[PDB]
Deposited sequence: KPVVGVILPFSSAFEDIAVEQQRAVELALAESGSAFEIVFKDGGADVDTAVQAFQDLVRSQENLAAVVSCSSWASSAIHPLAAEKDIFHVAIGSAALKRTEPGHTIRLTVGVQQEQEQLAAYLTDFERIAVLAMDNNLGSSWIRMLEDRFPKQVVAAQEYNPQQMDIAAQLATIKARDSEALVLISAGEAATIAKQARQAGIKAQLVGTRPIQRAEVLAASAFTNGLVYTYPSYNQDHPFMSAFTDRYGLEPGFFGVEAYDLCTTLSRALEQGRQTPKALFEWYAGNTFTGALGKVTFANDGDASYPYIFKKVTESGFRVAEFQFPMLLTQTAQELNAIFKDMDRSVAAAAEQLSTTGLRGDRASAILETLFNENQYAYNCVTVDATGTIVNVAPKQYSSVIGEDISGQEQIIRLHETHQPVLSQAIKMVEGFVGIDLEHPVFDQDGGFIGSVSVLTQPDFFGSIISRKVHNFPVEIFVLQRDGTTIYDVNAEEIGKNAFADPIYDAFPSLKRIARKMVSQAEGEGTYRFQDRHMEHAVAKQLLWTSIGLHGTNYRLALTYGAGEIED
């Protein structure tokens, strides 16, 4: 009967997390039929005490199938040791895991980097940012990340021992920098940090991360109310939530939920005969599991991934932050408008220049070559004469489009009939894909119309912008044409589909919201020169 060793920080500031994890593990094992035996060890408060628990655990257990460790510091220290002794290793409650041995250590905790990328969407609207972080590799990793992302805005980076909780100094340093947001890299001890900071006159918006969602923090809503934090987006509907609550008298937080999915999946692995470190690692690596944490996907390097959301502390409980959905849509609308504005300016400037050079030849080509470098979302740039014929292009590798008659393209007609700039609908281009063309008219020295200059955007223009914005949030953003045609959707099978073949309202209104089936929908519009696209965000 295989033995799994489980090292948790019982003798430490994170006692409560440790007991939660222990509870969840024991609950999980009782029901699964006990595919393995558990022995618990006390990792203590620092790295040495955890390395000692591991070494002791190895000395005392011959049939040791695996070692599970809680905390970024325990896990980073055990990782190379387990590898050397060829013991399968799982890290839980470990966002700042440092990997050196490829193919070793499976990790169920989403990393600092991913969580930091999401938190940055909120923090970017604060010009003065203070950080107070636990003095261990989780704190220091968050500090180093936040400092890299926000060089100018980060005005203070203070550490604290979570066992000692002597923070009067750090909080003095901090108040003296008049921060706009105070980021706490803290678990439950944040309720005390919050109290003292408010009593010390600090009025800054409090901000935290995954570990901060503890009952202590909610109880202290007198001080913590309004605090915004990033958190895994699993729902409460899983049977584990209720089983744990009924047995132990309180709801399990992240660490319980995580520890329950570890037992469930490891149990199944040890039943199926997987027993070597390589087999146990491969069990997880590349795989998707659905469980109490929701849908969990493991990369080839053994790291779990699952979506996060913004949450906030309120008087009545921990809540999903309503603000994030319109925020993400607006932030995306804004990046798109600024990209379009940049393109429009560059093309307008290029038209001014082509006035003296004409549209053909080496001087024209040079304007085109530069215009393309000025437009990172360009596929190419052309000039088009008064007849609607492409007469020049950069990059020159697309020289075959020269001579192509595009006088029948809808935007080209409009430019010819208005002698004003146009942004096309998403139409099939001679280059071989459905794209979007921005054109400005060109006039010679005497004011006579001589044609137009164009930037054609990349085939994946919208996707390349949108997918970065929505990365790891449980939402989708799509783009619709005025006539209802889908221009961009993360599911490409939908691209090109109409909605005349809430959709009706999206056609006629530039902004809106709605609900279908249960999903919420928000939309706005982006565009130029009378060509507007609808930008919609959906979420549960």
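What the model leaves out of the deposited chain are the segments 502-513, 530-539, 563-568.
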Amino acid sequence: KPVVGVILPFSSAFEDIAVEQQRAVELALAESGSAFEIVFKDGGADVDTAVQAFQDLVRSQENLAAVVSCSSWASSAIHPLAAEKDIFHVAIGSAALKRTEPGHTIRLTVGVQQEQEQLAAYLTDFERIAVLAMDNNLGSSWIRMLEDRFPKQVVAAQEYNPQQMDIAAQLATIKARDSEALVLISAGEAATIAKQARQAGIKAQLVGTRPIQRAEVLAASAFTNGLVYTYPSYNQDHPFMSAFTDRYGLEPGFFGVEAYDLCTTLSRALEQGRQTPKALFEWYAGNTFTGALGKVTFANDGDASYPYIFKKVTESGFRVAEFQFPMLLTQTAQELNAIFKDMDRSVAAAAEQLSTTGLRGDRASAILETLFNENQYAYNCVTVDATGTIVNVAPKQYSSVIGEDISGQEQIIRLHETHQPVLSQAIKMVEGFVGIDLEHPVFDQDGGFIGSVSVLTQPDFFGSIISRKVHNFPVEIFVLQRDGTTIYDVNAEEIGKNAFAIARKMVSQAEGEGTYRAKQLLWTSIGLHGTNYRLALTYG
From here on, numbers count along this sequence of modelled residues.
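Looking at 132-140 and 258-266 together, the entry lists the larger mean B-factor for 132-140, computed on C-alpha atoms.
Here 146-154 and 85-93 are compared by their mean Cα B-factor, and 146-154 comes out higher. Of the candidates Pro239, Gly358, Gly291, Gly249, the deposited coordinates give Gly358 the top C-alpha B factor. In this entry, the residue among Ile487, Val39, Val490, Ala35 with the greatest C-alpha B factor is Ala35. Ranked by C-alpha B-factor against the other modelled residues of its chain, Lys312 falls in the highest third. Among the modelled residues of its chain, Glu115 has a C-alpha B-factor that falls in the lowest third according to the deposited record. Per-chain ranking of the deposited C-alpha B factor places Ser233 in the lowest third. Annotation for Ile526: C-alpha temperature factor in the middle third relative to the rest of the modelled chain, per the entry. When the modelled residues of the chain are ordered by their C-alpha B factor, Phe443 lands in the highest third.
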